[PDB]
Amino acid sequence: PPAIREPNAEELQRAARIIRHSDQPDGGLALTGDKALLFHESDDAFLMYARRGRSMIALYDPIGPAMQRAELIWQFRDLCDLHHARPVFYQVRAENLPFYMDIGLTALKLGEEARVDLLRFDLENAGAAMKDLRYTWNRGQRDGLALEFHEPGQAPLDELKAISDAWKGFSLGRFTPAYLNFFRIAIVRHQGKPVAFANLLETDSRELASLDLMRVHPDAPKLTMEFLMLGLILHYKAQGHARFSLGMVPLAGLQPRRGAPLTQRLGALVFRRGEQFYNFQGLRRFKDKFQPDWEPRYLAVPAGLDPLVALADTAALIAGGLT
Ligand SMILES: [Cl-]
Ligand SMILES: [Cl-]
Ligand SMILES: [Cl-]
């Protein structure tokens, strides 16, 4: 069998095209180039993966049209058997689960993704949740916080490096010019001084927009984070987008429920930090400030086999990274 390689600049450009034609902005993580690309025979859809141990671990569901997604999943199983490796899918949607079942994979709960319904989101709606955001938006504007947007290529990357340094791989983006040049970038300035930034995952449609890197200067005001997020939500709402993703919160960050099946517990082993799980304290509570809708995300592993092995390889690949 041939060699698993990183994609070239021609392949990356082809992948970038596929993402634009999709409703899957999170596919933009393929553009770091540290993930191998499995293109459909039509070159209208791709799947991204990495190898760790005897496992081949795909990142997210395949990027592309519905039918091509399903056929890529079968392609991947074929490719995995050709290399004598076990297929693993990291952070997949429940709707694609039947396809993973068909190639002989079961699943473990990994966490939950928070997405804000932009069409329903309004700061003048009821509830104290909206009240607090109105305060954050005005109090923050008094204090000199301002959100700006830069087309791809723009934005002082030297000023971004300052925040980035004061503040990996596979499931995350990389602070490199080659990568950040692909995306729109939002910057928060405290009375002119850069205090936070974030690259923006978009598509040519307005179905979904999400996040990747989001780094904040440690000396920045407390509200900078909340302000930056709220600003992005209002921004994409105005642009006419339907949903905005705040990212995922792994199991340990959700409300603890023991007495639960191992299927909905074992997924925690992906995020271990020494003698402790990453607890992701307040991460759920923070995302909940914007009243998002939560949806499960799964880790697809070979069925009828001890998932501890695939969990180990997945844990190693992730190396503790999250948005
Ligand atoms: Cl996702
Ligand atoms: Cl999907
Ligand atoms: Cl402060």
# chains A, B, ... in the order shown; residues from 1 in each chain; ligands from 1

call {"tool": "closest_atom_pairs", "arguments": {"of": "chain A", "to": "ligand 1", "cutoff": "9 Å", "atoms": "only C-alpha atoms and all ligand atoms", "output": "JSON lines"}}
result
{"residue": "A:24", "atom": "CA", "partner": "ligand 1", "partner_atom_place_in_ligand_line": "1 (Cl)", "distance": 8.0}
{"residue": "A:25", "atom": "CA", "partner": "ligand 1", "partner_atom_place_in_ligand_line": "1 (Cl)", "distance": 8.9}
{"residue": "A:26", "atom": "CA", "partner": "ligand 1", "partner_atom_place_in_ligand_line": "1 (Cl)", "distance": 6.3}
{"residue": "A:27", "atom": "CA", "partner": "ligand 1", "partner_atom_place_in_ligand_line": "1 (Cl)", "distance": 8.5}
{"residue": "A:59", "atom": "CA", "partner": "ligand 1", "partner_atom_place_in_ligand_line": "1 (Cl)", "distance": 8.9}
{"residue": "A:60", "atom": "CA", "partner": "ligand 1", "partner_atom_place_in_ligand_line": "1 (Cl)", "distance": 5.8}
{"residue": "A:61", "atom": "CA", "partner": "ligand 1", "partner_atom_place_in_ligand_line": "1 (Cl)", "distance": 7.3}
{"residue": "A:91", "atom": "CA", "partner": "ligand 1", "partner_atom_place_in_ligand_line": "1 (Cl)", "distance": 6.3}
{"residue": "A:92", "atom": "CA", "partner": "ligand 1", "partner_atom_place_in_ligand_line": "1 (Cl)", "distance": 6.3}
{"residue": "A:93", "atom": "CA", "partner": "ligand 1", "partner_atom_place_in_ligand_line": "1 (Cl)", "distance": 6.7}
{"residue": "A:113", "atom": "CA", "partner": "ligand 1", "partner_atom_place_in_ligand_line": "1 (Cl)", "distance": 7.3}
{"residue": "A:245", "atom": "CA", "partner": "ligand 1", "partner_atom_place_in_ligand_line": "1 (Cl)", "distance": 8.7}
{"residue": "A:247", "atom": "CA", "partner": "ligand 1", "partner_atom_place_in_ligand_line": "1 (Cl)", "distance": 8.0}
{"residue": "A:248", "atom": "CA", "partner": "ligand 1", "partner_atom_place_in_ligand_line": "1 (Cl)", "distance": 8.0}
{"residue": "A:297", "atom": "CA", "partner": "ligand 1", "partner_atom_place_in_ligand_line": "1 (Cl)", "distance": 7.4}

call {"tool": "select_by_dssp", "arguments": {"residues": "range 63-198 of chain A", "states": "strand (DSSP E)", "output": "JSON, numbers by chain"}}
result
{"A": [86, 87, 88, 89, 90, 91, 92, 105, 106, 107, 108, 109, 110, 111, 112, 113, 114, 115, 116, 117, 145, 146, 147, 148, 149, 150, 184, 185, 186, 187, 188, 189, 190, 193, 194, 195, 196, 197, 198]}

call {"tool": "residues_near_ligand", "arguments": {"ligand": "ligand 3", "cutoff": "9 Å", "atoms": "only C-alpha atoms and all ligand atoms", "output": "NGL selection string"}}
result
:A and (143 or 219-224)

call {"tool": "residues_around", "arguments": {"residues": "residue 322 in chain A", "least_positions_apart": "3", "cutoff": "9 Å", "atoms": "only C-alpha atoms", "output": "ChimeraX atom specification"}}
result
/A:168,171-172,212,247-249,318

call {"tool": "write_last_selection", "arguments": {"atoms": "C-alpha atoms", "output": "PDB file, in the first residue's frame"}}
result
ATOM      1  CA  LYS A 168      -1.983  21.079  20.274  1.00  0.00           C
ATOM      2  CA  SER A 171      -8.198  19.084  16.544  1.00  0.00           C
ATOM      3  CA  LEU A 172      -6.861  22.650  16.672  1.00  0.00           C
ATOM      4  CA  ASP A 212     -11.129  27.845  15.913  1.00  0.00           C
ATOM      5  CA  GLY A 247     -17.443  24.911  20.188  1.00  0.00           C
ATOM      6  CA  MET A 248     -17.630  21.680  22.177  1.00  0.00           C
ATOM      7  CA  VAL A 249     -17.592  20.870  25.888  1.00  0.00           C
ATOM      8  CA  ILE A 318      -5.672  15.222  20.682  1.00  0.00           C
TER       9      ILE A 318
END

call {"tool": "closest_residue", "arguments": {"among": "A:211, A:160, A:63, A:107", "to": "ligand 2", "atoms": "only C-alpha atoms and all ligand atoms"}}
result
A:63

call {"tool": "select_by_dssp", "arguments": {"residues": "range 135-209 of chain A", "states": "helix (DSSP H, G or I)", "output": "list in words"}}
result
residues 135, 136, 137, 138, 139, 140, 141, 142, 157, 158, 159, 160, 161, 162, 163, 164, 165, 166, 177, 178, 179 and 180 of chain A
